[PDB]
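File shown: input_22.pdb. Contents: PDB, C-alpha atoms.
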ATOM      1  CA  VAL A   1       2.414  20.066 -27.204
ATOM      2  CA  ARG A   2       5.278  21.037 -24.762
ATOM      3  CA  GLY A   3       7.249  17.731 -24.305
ATOM      4  CA  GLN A   4       7.437  12.145 -25.275
ATOM      5  CA  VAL A   5       4.348  14.530 -25.165
ATOM      6  CA  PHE A   6       3.586  15.815 -21.594
ATOM      7  CA  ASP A   7       0.792  18.279 -22.310
ATOM      8  CA  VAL A   8      -0.590  19.576 -18.979
ATOM      9  CA  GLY A   9      -2.963  22.535 -19.385
ATOM     10  CA  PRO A  10      -2.442  26.238 -18.610
ATOM     11  CA  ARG A  11      -2.476  25.514 -14.782
ATOM     12  CA  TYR A  12       0.839  23.455 -14.682
ATOM     13  CA  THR A  13       3.763  25.731 -15.588
ATOM     14  CA  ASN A  14       7.405  24.480 -14.928
ATOM     15  CA  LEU A  15       8.523  20.777 -15.480
ATOM     16  CA  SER A  16      11.125  18.165 -14.212
ATOM     17  CA  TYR A  17      11.381  14.483 -15.409
ATOM     18  CA  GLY A  18       3.002   6.363 -18.338
ATOM     19  CA  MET A  19       5.859   8.565 -16.876
ATOM     20  CA  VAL A  20       5.920  11.007 -13.855
ATOM     21  CA  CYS A  21       6.922  14.728 -13.747
ATOM     22  CA  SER A  22       7.106  17.419 -11.060
ATOM     23  CA  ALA A  23       5.468  20.676 -12.257
ATOM     24  CA  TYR A  24       4.356  24.092 -10.877
ATOM     25  CA  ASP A  25       0.638  24.499  -9.959
ATOM     26  CA  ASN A  26      -0.126  28.103 -11.124
ATOM     27  CA  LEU A  27      -3.453  28.148  -9.188
ATOM     28  CA  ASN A  28      -2.541  26.593  -5.799
ATOM     29  CA  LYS A  29       1.009  28.094  -6.112
ATOM     30  CA  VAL A  30       2.521  24.784  -4.786
ATOM     31  CA  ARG A  31       4.484  22.383  -7.051
ATOM     32  CA  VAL A  32       2.765  18.996  -7.798
ATOM     33  CA  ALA A  33       3.444  15.504  -9.202
ATOM     34  CA  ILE A  34       1.817  14.544 -12.588
ATOM     35  CA  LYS A  35       1.549  10.903 -13.868
ATOM     36  CA  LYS A  36       0.939  10.605 -17.637
ATOM     37  CA  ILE A  37      -1.124   7.361 -18.139
ATOM     38  CA  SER A  38      -1.577   5.830 -21.687
ATOM     39  CA  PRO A  39      -3.653   2.629 -21.047
ATOM     40  CA  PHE A  40      -6.347   2.462 -23.765
ATOM     41  CA  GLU A  41      -4.952  -0.251 -26.170
ATOM     42  CA  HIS A  42      -4.625  -2.720 -23.220
ATOM     43  CA  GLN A  43      -7.656  -4.112 -21.341
ATOM     44  CA  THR A  44      -5.294  -4.748 -18.323
ATOM     45  CA  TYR A  45      -4.038  -1.133 -18.048
ATOM     46  CA  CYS A  46      -7.649   0.185 -18.498
ATOM     47  CA  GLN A  47      -8.658  -2.092 -15.566
ATOM     48  CA  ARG A  48      -5.825  -0.863 -13.198
ATOM     49  CA  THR A  49      -6.320   2.812 -14.229
ATOM     50  CA  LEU A  50     -10.143   2.643 -13.763
ATOM     51  CA  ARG A  51      -9.799   0.894 -10.392
ATOM     52  CA  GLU A  52      -7.165   3.401  -9.151
ATOM     53  CA  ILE A  53      -9.240   6.450 -10.310
ATOM     54  CA  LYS A  54     -12.586   5.087  -8.953
ATOM     55  CA  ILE A  55     -10.913   4.309  -5.565
ATOM     56  CA  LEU A  56      -8.815   7.488  -5.177
ATOM     57  CA  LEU A  57     -11.783   9.779  -6.130
ATOM     58  CA  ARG A  58     -14.046   8.165  -3.480
ATOM     59  CA  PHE A  59     -11.364   8.348  -0.740
ATOM     60  CA  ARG A  60     -10.687  11.548   1.256
ATOM     61  CA  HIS A  61      -8.028  10.960   3.955
ATOM     62  CA  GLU A  62      -4.805  12.717   5.142
ATOM     63  CA  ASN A  63      -2.771   9.439   4.858
ATOM     64  CA  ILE A  64      -3.976   8.429   1.356
ATOM     65  CA  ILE A  65      -2.637  10.170  -1.740
ATOM     66  CA  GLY A  66      -5.530  12.168  -3.260
ATOM     67  CA  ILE A  67      -6.198  13.071  -6.896
ATOM     68  CA  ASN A  68      -6.113  16.935  -7.081
ATOM     69  CA  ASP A  69      -6.871  17.131 -10.837
ATOM     70  CA  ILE A  70      -7.212  15.003 -13.938
ATOM     71  CA  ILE A  71      -6.253  16.353 -17.386
ATOM     72  CA  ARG A  72      -7.746  14.630 -20.474
ATOM     73  CA  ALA A  73      -9.329  15.547 -23.828
ATOM     74  CA  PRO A  74     -12.982  16.690 -23.791
ATOM     75  CA  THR A  75     -14.034  13.719 -25.972
ATOM     76  CA  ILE A  76     -13.374   9.942 -25.887
ATOM     77  CA  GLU A  77     -12.143  10.127 -29.537
ATOM     78  CA  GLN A  78      -9.438  12.679 -28.554
ATOM     79  CA  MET A  79      -8.534  11.046 -25.199
ATOM     80  CA  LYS A  80      -5.282   9.059 -25.767
ATOM     81  CA  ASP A  81      -3.576   9.962 -22.440
ATOM     82  CA  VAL A  82      -4.776  10.908 -18.934
ATOM     83  CA  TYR A  83      -2.765  13.108 -16.574
ATOM     84  CA  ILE A  84      -3.219  12.518 -12.860
ATOM     85  CA  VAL A  85      -2.153  15.442 -10.602
ATOM     86  CA  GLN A  86      -1.219  14.628  -6.973
ATOM     87  CA  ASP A  87       0.522  16.343  -4.025
ATOM     88  CA  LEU A  88       4.243  16.535  -4.536
ATOM     89  CA  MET A  89       5.970  14.230  -2.022
ATOM     90  CA  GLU A  90       9.660  14.816  -1.008
ATOM     91  CA  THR A  91      10.477  11.082  -0.853
ATOM     92  CA  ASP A  92       9.157   7.571  -0.202
ATOM     93  CA  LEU A  93       9.965   5.145   2.614
ATOM     94  CA  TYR A  94      11.989   2.945   0.183
ATOM     95  CA  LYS A  95      14.446   5.808  -0.614
ATOM     96  CA  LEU A  96      14.458   6.935   3.060
ATOM     97  CA  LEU A  97      15.366   3.431   4.346
ATOM     98  CA  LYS A  98      18.218   3.170   1.762
ATOM     99  CA  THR A  99      20.200   5.950   3.555
ATOM    100  CA  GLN A 100      18.499   7.131   6.810
ATOM    101  CA  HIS A 101      18.372   5.635  10.330
ATOM    102  CA  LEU A 102      14.844   6.289  11.719
ATOM    103  CA  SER A 103      14.444   7.507  15.317
ATOM    104  CA  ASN A 104      11.995   5.509  17.489
ATOM    105  CA  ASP A 105       9.757   8.611  17.282
ATOM    106  CA  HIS A 106       9.807   8.515  13.407
ATOM    107  CA  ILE A 107       9.127   4.706  13.368
ATOM    108  CA  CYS A 108       6.176   5.273  15.794
ATOM    109  CA  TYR A 109       4.812   8.249  13.753
ATOM    110  CA  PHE A 110       5.209   6.487  10.359
ATOM    111  CA  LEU A 111       3.567   3.299  11.722
ATOM    112  CA  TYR A 112       0.673   5.320  13.184
ATOM    113  CA  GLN A 113       0.030   7.098   9.812
ATOM    114  CA  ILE A 114       0.224   3.814   7.820
ATOM    115  CA  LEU A 115      -2.307   2.181  10.183
ATOM    116  CA  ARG A 116      -4.574   5.231  10.223
ATOM    117  CA  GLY A 117      -4.757   5.258   6.379
ATOM    118  CA  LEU A 118      -5.159   1.458   6.275
ATOM    119  CA  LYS A 119      -8.091   1.634   8.736
ATOM    120  CA  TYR A 120      -9.861   3.931   6.277
ATOM    121  CA  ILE A 121      -9.026   1.725   3.236
ATOM    122  CA  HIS A 122     -10.317  -1.432   5.011
ATOM    123  CA  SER A 123     -13.487   0.417   6.242
ATOM    124  CA  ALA A 124     -14.316   1.017   2.520
ATOM    125  CA  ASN A 125     -14.160  -2.796   1.867
ATOM    126  CA  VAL A 126     -10.842  -2.346  -0.022
ATOM    127  CA  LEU A 127      -7.664  -4.449   0.342
ATOM    128  CA  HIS A 128      -4.545  -2.602  -0.793
ATOM    129  CA  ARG A 129      -2.554  -5.884  -1.362
ATOM    130  CA  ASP A 130       0.743  -4.139  -2.296
ATOM    131  CA  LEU A 131       1.860  -2.232   0.822
ATOM    132  CA  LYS A 132       5.630  -1.772   0.660
ATOM    133  CA  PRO A 133       8.033   1.110   1.403
ATOM    134  CA  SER A 134       7.937   2.444  -2.241
ATOM    135  CA  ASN A 135       4.137   2.834  -1.863
ATOM    136  CA  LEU A 136       4.541   5.064   1.174
ATOM    137  CA  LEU A 137       5.225   8.723   0.279
ATOM    138  CA  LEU A 138       6.641  11.303   2.801
ATOM    139  CA  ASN A 139       6.751  15.109   2.495
ATOM    140  CA  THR A 140       9.445  17.333   4.140
ATOM    141  CA  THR A 141       7.510  17.319   7.500
ATOM    142  CA  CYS A 142       7.264  13.482   7.538
ATOM    143  CA  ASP A 143       3.493  13.427   6.690
ATOM    144  CA  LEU A 144       2.869   9.938   5.201
ATOM    145  CA  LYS A 145       0.520   8.985   2.343
ATOM    146  CA  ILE A 146      -0.351   5.585   0.963
ATOM    147  CA  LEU A 147       0.115   5.211  -2.836
ATOM    148  CA  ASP A 148      -1.104   2.868  -5.619
ATOM    149  CA  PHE A 149      -4.589   1.229  -5.666
ATOM    150  CA  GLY A 150      -4.144  -0.327  -9.168
ATOM    151  CA  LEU A 151      -3.978  -3.860  -7.563
ATOM    152  CA  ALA A 152      -6.668  -3.204  -4.900
ATOM    153  CA  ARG A 153      -9.648  -5.609  -4.519
ATOM    154  CA  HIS A 154     -13.025  -5.557  -2.762
ATOM    155  CA  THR A 155     -12.963  -7.618   0.495
ATOM    156  CA  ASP A 156     -15.412 -10.064  -1.328
ATOM    157  CA  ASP A 157     -13.320 -10.682  -4.531
ATOM    158  CA  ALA A 158       1.906  -8.542  -5.456
ATOM    159  CA  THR A 159       5.475  -7.829  -4.212
ATOM    160  CA  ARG A 160       7.170 -10.950  -2.740
ATOM    161  CA  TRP A 161       8.930  -9.624   0.412
ATOM    162  CA  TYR A 162       5.712  -8.166   1.930
ATOM    163  CA  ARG A 163       3.404 -11.081   0.998
ATOM    164  CA  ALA A 164       1.483 -12.797   3.826
ATOM    165  CA  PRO A 165       1.996 -16.571   4.315
ATOM    166  CA  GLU A 166      -1.733 -17.333   3.542
ATOM    167  CA  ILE A 167      -1.252 -15.892  -0.005
ATOM    168  CA  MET A 168       1.212 -18.771  -0.554
ATOM    169  CA  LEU A 169      -0.920 -21.425   1.286
ATOM    170  CA  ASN A 170      -4.652 -20.447   0.725
ATOM    171  CA  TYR A 171      -7.384 -13.994   1.257
ATOM    172  CA  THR A 172      -8.557 -11.296   3.827
ATOM    173  CA  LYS A 173      -7.721  -7.801   5.251
ATOM    174  CA  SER A 174      -5.144  -9.657   7.350
ATOM    175  CA  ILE A 175      -2.876  -9.656   4.156
ATOM    176  CA  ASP A 176      -2.359  -5.897   4.592
ATOM    177  CA  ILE A 177      -1.463  -6.028   8.344
ATOM    178  CA  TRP A 178       1.291  -8.611   7.543
ATOM    179  CA  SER A 179       2.735  -6.167   4.984
ATOM    180  CA  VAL A 180       2.660  -3.415   7.656
ATOM    181  CA  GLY A 181       4.451  -5.810  10.053
ATOM    182  CA  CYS A 182       7.153  -6.373   7.351
ATOM    183  CA  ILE A 183       7.482  -2.562   6.921
ATOM    184  CA  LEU A 184       7.838  -2.005  10.724
ATOM    185  CA  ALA A 185      10.644  -4.680  10.795
ATOM    186  CA  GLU A 186      12.279  -2.842   7.839
ATOM    187  CA  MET A 187      12.014   0.523   9.711
ATOM    188  CA  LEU A 188      13.711  -1.016  12.762
ATOM    189  CA  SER A 189      16.841  -2.365  10.895
ATOM    190  CA  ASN A 190      16.900  -0.674   7.404
ATOM    191  CA  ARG A 191      16.831  -4.151   5.796
ATOM    192  CA  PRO A 192      13.927  -6.267   4.537
ATOM    193  CA  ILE A 193      13.057  -8.886   7.218
ATOM    194  CA  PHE A 194      11.967 -11.601   4.684
ATOM    195  CA  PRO A 195      13.956 -11.096   1.415
ATOM    196  CA  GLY A 196      12.752 -14.210  -0.456
ATOM    197  CA  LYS A 197      14.415 -15.041  -3.803
ATOM    198  CA  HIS A 198      11.273 -16.837  -5.086
ATOM    199  CA  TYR A 199       7.662 -17.808  -4.119
ATOM    200  CA  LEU A 200       8.452 -20.761  -1.692
ATOM    201  CA  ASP A 201      11.700 -19.088  -0.421
ATOM    202  CA  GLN A 202       9.493 -16.334   1.120
ATOM    203  CA  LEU A 203       7.845 -19.038   3.293
ATOM    204  CA  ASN A 204      11.330 -20.382   4.258
ATOM    205  CA  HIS A 205      12.337 -16.839   5.362
ATOM    206  CA  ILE A 206       9.135 -16.338   7.390
ATOM    207  CA  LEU A 207       9.490 -19.749   9.133
ATOM    208  CA  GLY A 208      13.231 -19.083   9.681
ATOM    209  CA  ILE A 209      12.143 -16.239  12.116
ATOM    210  CA  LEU A 210       8.676 -17.308  13.322
ATOM    211  CA  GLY A 211       9.678 -20.995  13.597
ATOM    212  CA  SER A 212       7.627 -23.935  12.226
ATOM    213  CA  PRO A 213       3.874 -23.344  12.511
ATOM    214  CA  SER A 214       2.021 -25.054  15.397
ATOM    215  CA  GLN A 215      -0.257 -28.045  14.932
ATOM    216  CA  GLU A 216      -3.197 -25.598  15.633
ATOM    217  CA  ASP A 217      -2.046 -23.219  12.780
ATOM    218  CA  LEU A 218      -1.516 -26.120  10.352
ATOM    219  CA  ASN A 219      -4.964 -27.591  11.280
ATOM    220  CA  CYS A 220      -6.327 -24.326   9.722
ATOM    221  CA  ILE A 221      -4.576 -25.091   6.327
ATOM    222  CA  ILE A 222      -7.065 -27.330   4.545
ATOM    223  CA  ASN A 223      -5.264 -27.273   1.175
ATOM    224  CA  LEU A 224      -3.222 -30.526   1.128
ATOM    225  CA  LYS A 225      -0.450 -29.373  -1.289
ATOM    226  CA  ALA A 226       0.020 -26.382   1.105
ATOM    227  CA  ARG A 227      -0.131 -28.350   4.403
ATOM    228  CA  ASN A 228       2.140 -31.154   3.087
ATOM    229  CA  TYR A 229       4.594 -28.543   1.815
ATOM    230  CA  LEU A 230       4.810 -27.097   5.381
ATOM    231  CA  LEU A 231       5.095 -30.651   6.867
ATOM    232  CA  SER A 232       7.989 -31.472   4.426
ATOM    233  CA  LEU A 233      10.148 -28.621   5.858
ATOM    234  CA  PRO A 234      12.797 -29.240   8.557
ATOM    235  CA  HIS A 235      11.714 -28.054  12.046
ATOM    236  CA  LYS A 236      12.835 -24.490  12.855
ATOM    237  CA  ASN A 237      12.672 -22.833  16.302
ATOM    238  CA  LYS A 238      11.374 -19.207  16.752
ATOM    239  CA  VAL A 239      14.092 -16.451  16.618
ATOM    240  CA  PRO A 240      13.252 -13.915  19.363
ATOM    241  CA  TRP A 241      12.483 -10.365  18.066
ATOM    242  CA  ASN A 242      14.960  -8.942  20.659
ATOM    243  CA  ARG A 243      17.785 -11.091  19.067
ATOM    244  CA  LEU A 244      16.999  -9.565  15.655
ATOM    245  CA  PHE A 245      16.355  -6.018  16.930
ATOM    246  CA  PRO A 246      18.438  -5.602  20.108
ATOM    247  CA  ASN A 247      18.031  -1.743  19.953
ATOM    248  CA  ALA A 248      14.201  -1.781  19.450
ATOM    249  CA  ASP A 249      11.561  -0.448  21.867
ATOM    250  CA  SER A 250      10.072  -3.539  23.579
ATOM    251  CA  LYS A 251       6.511  -2.144  22.829
ATOM    252  CA  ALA A 252       7.451  -1.973  19.117
ATOM    253  CA  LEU A 253       8.542  -5.677  19.188
ATOM    254  CA  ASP A 254       5.352  -6.663  21.030
ATOM    255  CA  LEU A 255       3.296  -5.022  18.271
ATOM    256  CA  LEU A 256       5.580  -6.455  15.562
ATOM    257  CA  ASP A 257       5.043  -9.956  16.972
ATOM    258  CA  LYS A 258       1.230  -9.493  16.804
ATOM    259  CA  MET A 259       1.368  -8.200  13.150
ATOM    260  CA  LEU A 260       3.788 -10.980  12.052
ATOM    261  CA  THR A 261       1.546 -13.785  13.375
ATOM    262  CA  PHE A 262       1.432 -16.794  11.009
ATOM    263  CA  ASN A 263      -2.296 -17.527  11.467
ATOM    264  CA  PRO A 264      -4.271 -14.669   9.899
ATOM    265  CA  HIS A 265      -7.219 -15.311  12.283
ATOM    266  CA  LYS A 266      -4.884 -14.690  15.282
ATOM    267  CA  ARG A 267      -3.149 -11.697  13.626
ATOM    268  CA  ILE A 268      -3.868  -8.248  15.172
ATOM    269  CA  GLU A 269      -6.561  -6.101  13.450
ATOM    270  CA  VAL A 270      -5.613  -2.597  12.212
ATOM    271  CA  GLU A 271      -7.755  -0.942  14.919
ATOM    272  CA  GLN A 272      -6.191  -3.133  17.634
ATOM    273  CA  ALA A 273      -2.731  -2.122  16.336
ATOM    274  CA  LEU A 274      -3.715   1.583  16.561
ATOM    275  CA  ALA A 275      -4.794   0.979  20.240
ATOM    276  CA  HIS A 276      -1.452  -0.821  21.071
ATOM    277  CA  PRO A 277       0.711   0.745  23.831
ATOM    278  CA  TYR A 278       3.459   1.459  21.226
ATOM    279  CA  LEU A 279       1.100   4.027  19.557
ATOM    280  CA  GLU A 280      -0.313   5.547  22.759
ATOM    281  CA  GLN A 281       1.188   9.046  21.948
ATOM    282  CA  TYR A 282      -0.897   9.224  18.734
ATOM    283  CA  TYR A 283      -3.971   7.008  19.278
ATOM    284  CA  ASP A 284      -7.272   8.931  19.015
ATOM    285  CA  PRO A 285     -10.113   6.862  17.535
ATOM    286  CA  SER A 286     -12.294   9.977  16.914
ATOM    287  CA  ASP A 287      -9.401  11.277  14.706
ATOM    288  CA  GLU A 288      -9.108   7.904  12.846
ATOM    289  CA  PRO A 289     -11.949   8.168  10.373
ATOM    290  CA  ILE A 290     -13.740   5.436   8.423
ATOM    291  CA  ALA A 291     -15.087   5.756   4.870
ATOM    292  CA  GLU A 292     -18.508   7.461   4.288
ATOM    293  CA  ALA A 293     -18.970   5.416   1.072
ATOM    294  CA  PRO A 294     -17.693   1.795   1.233
ATOM    295  CA  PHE A 295     -17.588  -0.109  -2.082
ATOM    296  CA  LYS A 296     -20.500  -2.463  -2.951
ATOM    297  CA  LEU A 297     -15.660  -5.482 -19.729
ATOM    298  CA  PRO A 298     -13.677  -4.827 -22.974
ATOM    299  CA  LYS A 299     -11.108  -1.963 -23.608
ATOM    300  CA  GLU A 300     -13.862   0.257 -25.104
ATOM    301  CA  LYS A 301     -16.241   0.106 -22.092
ATOM    302  CA  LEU A 302     -13.315   0.695 -19.688
ATOM    303  CA  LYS A 303     -12.137   3.699 -21.787
ATOM    304  CA  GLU A 304     -15.722   5.006 -21.643
ATOM    305  CA  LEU A 305     -15.830   4.298 -17.801
ATOM    306  CA  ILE A 306     -12.483   6.168 -17.333
ATOM    307  CA  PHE A 307     -13.940   9.093 -19.384
ATOM    308  CA  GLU A 308     -17.062   9.186 -17.150
ATOM    309  CA  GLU A 309     -15.037   8.823 -13.886
ATOM    310  CA  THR A 310     -12.845  11.825 -14.874
ATOM    311  CA  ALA A 311     -15.713  14.174 -15.975
ATOM    312  CA  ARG A 312     -15.777  16.186 -12.698
ATOM    313  CA  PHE A 313     -12.369  17.845 -13.464
ATOM    314  CA  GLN A 314     -13.522  19.214 -16.880
ATOM    315  CA  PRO A 315     -14.374  22.976 -17.132
ATOM    316  CA  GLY A 316     -18.192  22.144 -17.236
TER     317      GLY A 316
END

Using structure tokens, write down the structure that the file contains.
Amino acid sequence: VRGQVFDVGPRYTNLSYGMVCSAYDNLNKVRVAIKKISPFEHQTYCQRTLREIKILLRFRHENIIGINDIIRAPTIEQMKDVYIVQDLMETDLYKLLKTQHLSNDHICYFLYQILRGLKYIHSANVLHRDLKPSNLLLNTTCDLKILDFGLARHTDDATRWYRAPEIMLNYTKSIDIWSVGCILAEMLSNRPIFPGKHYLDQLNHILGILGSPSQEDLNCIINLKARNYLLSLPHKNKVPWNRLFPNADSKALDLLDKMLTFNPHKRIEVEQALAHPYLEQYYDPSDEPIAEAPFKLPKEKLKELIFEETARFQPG
């Protein structure tokens, strides 16, 4: 013990305040971030923890936070906590957007890294489902890494402001691109584009900017409660992107428009976004890898599964 308890091996030496701490890596001689997880009484927490560990251990990508080490007891009986060790990140996009104007070059670079990581995620048959500024970590040289796969789902199976319209009306990979579109909007103005105060308010905010959906888009909504809801709303005209973002690069707004497309079947794909003129300085498909290994219970089995998943980091 070396405090409540935050007991992290010989390897992790200094300390600054499941809870998170910065700490000194005595091997790699860089400081690191350590998340103390205590999930084992709660089936729900065991689920999120298992999913996040299984996903992060399979993934190897520059724009996805890796797991460098896992600290736990050598036996299931003694394992009450798990410590996840990750690269120390200066900041996240949430904190950055609270006080910093982003240059066009930073917006372009951040967007490119987000999309590059998301291409990899999607190629593994994973949906993130909770992309938001606080889940995007930056280091001091503006390298960007995607955080938090606790809520992730297989493509064959969240936070209101970034939620796609079809989540309220109806699903696919397209959910994540909408979130990215919301984040780009937020990078352009330093304010959330759709700050809904409740579930249906989020739809009112989207339609306030996009305008009322077309007959063609509504024809795609087969759920009657959802379609009739949309038909009950007063008509709204589209607000042009250049009215909202008079300073913005016209290529950025073109791409924004294609990401914030109401109909998920018409919405731009991640790989089409990467190939958009806005990202031409960065785009290099051979340097935009896909996953080698795409993805295909009570407390006690999940605890056992978390034990097994974490075995590779043990001295053996």

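Nearest residue to residue A:298, choosing from A:42, A:163, A:236, A:35 and counting all atoms listed in the file: A:42.
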
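The shortest atom-to-atom distance to residue A:12, with all atoms listed in the file taken into account, belongs to A:84 out of A:59, A:303, A:75, A:84.
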
Result set of the PyMOL selection byres ((chain A and resi 49) around 9) on the coordinates above, as a PyMOL selection string
chain A and resi 37+39+44-48+50-54+149-150+306

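Proximity ranking of A:276, A:235, A:98, A:119 relative to residue A:251 places A:276 first, based on all atoms listed in the file.
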
Evaluate the PyMOL selection byres ((chain A and resi 181) around 12) here and jot the selected residues down as a ChimeraX atom specification.
/A:107,111,114-115,131-133,161-164,174-180,182-188,192-194,206,252-262,267-270,273

Could you name the residues that touch residue A:68 at 12 Å or less, counting all atoms listed in the file, but leaving out those on the same chain fewer than 5 positions away, as a PyMOL selection string?
chain A and resi 25+27-28+30-35+53+56-57+59-60+83-88+310+312-313

Between atom CA of residue A:8 and atom CA of residue A:141 - distance in Å to one decimal
27.8 Å

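Between atom CA of residue A:79 and atom CA of residue A:10 lies a distance of 17.6 Å.
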
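Near stretch 125-128 of chain A, within 9 Å and counting only C-alpha atoms, sit residues 55, 118, 120, 121, 122, 123, 130, 131, 148, 149, 150, 151, 152, 153, 154, 155, 156, 172, 173, 175, 176, 294, 295 and 296 of chain A; same-chain residues fewer than 2 positions away were not included.
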
Give me a file of those residues, with C-alpha atoms, as a CSV table (one decimal), keeping the file's coordinate frame.
chain,number,residue,atom,x,y,z
A,55,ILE,CA,-10.9,4.3,-5.6
A,118,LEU,CA,-5.2,1.5,6.3
A,120,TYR,CA,-9.9,3.9,6.3
A,121,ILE,CA,-9.0,1.7,3.2
A,122,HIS,CA,-10.3,-1.4,5.0
A,123,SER,CA,-13.5,0.4,6.2
A,130,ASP,CA,0.7,-4.1,-2.3
A,131,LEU,CA,1.9,-2.2,0.8
A,148,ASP,CA,-1.1,2.9,-5.6
A,149,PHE,CA,-4.6,1.2,-5.7
A,150,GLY,CA,-4.1,-0.3,-9.2
A,151,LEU,CA,-4.0,-3.9,-7.6
A,152,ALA,CA,-6.7,-3.2,-4.9
A,153,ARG,CA,-9.6,-5.6,-4.5
A,154,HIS,CA,-13.0,-5.6,-2.8
A,155,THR,CA,-13.0,-7.6,0.5
A,156,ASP,CA,-15.4,-10.1,-1.3
A,172,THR,CA,-8.6,-11.3,3.8
A,173,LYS,CA,-7.7,-7.8,5.3
A,175,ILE,CA,-2.9,-9.7,4.2
A,176,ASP,CA,-2.4,-5.9,4.6
A,294,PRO,CA,-17.7,1.8,1.2
A,295,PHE,CA,-17.6,-0.1,-2.1
A,296,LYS,CA,-20.5,-2.5,-3.0

For the file shown, what are the residues hit by the PyMOL selection byres ((chain A and resi 199) around 12), laid out as a ChimeraX atom specification?
/A:158-165,167-169,194-198,200-206
